[PDB]
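In terms of the numbering used here, the sequence shown is residues 793 to 940.
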Amino acid sequence: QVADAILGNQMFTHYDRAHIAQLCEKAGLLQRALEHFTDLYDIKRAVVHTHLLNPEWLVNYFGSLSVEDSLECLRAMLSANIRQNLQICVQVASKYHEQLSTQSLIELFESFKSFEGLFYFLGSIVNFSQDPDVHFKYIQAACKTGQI
């Protein structure tokens, strides 16, 4: 109970992250576990579990942010395509896309179904932005379920 608070206080800075992580690992303390996971980066395990577990949110943002391996996260999300991470994945699209609106990103959306979420997402973003073709592929997606 006092672990998180101490973590914000001085345990994080003076106690040594990997060990603490290991302990939390053995503990499975997801708010803290996630912190450690971030710090201990067994990323595959951290992603699988967060999709699985009913997760904390801010930490989610940071780990999501923390890191051009959202490639890995999407891969997990596709493995674990749950309605949870779809719009969520879109949300954090406005976390990684917003720093680099990568075509690779939009591509992987198109890789599987291209349902709604990144579609809606560049609904406003690459909209008011250039690509005729993104608009076009966008339209085509809007043709997956045509809604004139």
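Positions of the beta carbon are idealized from the N, C-alpha and C atoms, including for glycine.
Practice task
For the region 846–931, list the beta strand (DSSP E) runs that are entirely contained and at least 3 residues long, ordered along the chain.
Solution key: Entirely contained in the region 846–931, not one beta strand (DSSP E) run reaches 3 residues.
Practice task
Determine the contact status of residue 753 and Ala885, defining contact as a CB-CB distance below 9 Å.
Solution key: Here the chain covers residues 793 to 940 and nothing more, so residue 753 does not appear.
Handout entry: Outcome for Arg824 when other beta-carbon atoms lying within 10 angstroms are tallied against a minimum of 16
Key = Position 32 of the sequence shown, counted from the start, is the residue given in the question as residue 824. Buried, since its Cβ has 16 or more Cβ neighbours within 10 Å.
Problem - Closest Cα partner of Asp923 within the set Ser903, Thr937, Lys936 and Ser893 - result: Here residue 923 is taken as the residue at index 131 of the sequence shown, counted from 1. It is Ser893 whose Cα lies nearest to the Cα of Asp923.
Exercise for the section: Compare the Cα-Cα distances from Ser921 to each of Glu890, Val851, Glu817 and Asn877 and report the closest residue. Expected result: Locating residue 921 in the sequence shown gives position 129, counting from the first residue. Restricting attention to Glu890, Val851, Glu817 and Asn877, the CA atom closest to the CA of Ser921 is found in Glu890.
Problem - Three-way DSSP call (helix, strand, coil) for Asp796 in this model - result: Residue mapping note: residue 796 aligns to position 4 of the sequence shown, counting from 1. Correct three-state label for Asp796: helix.
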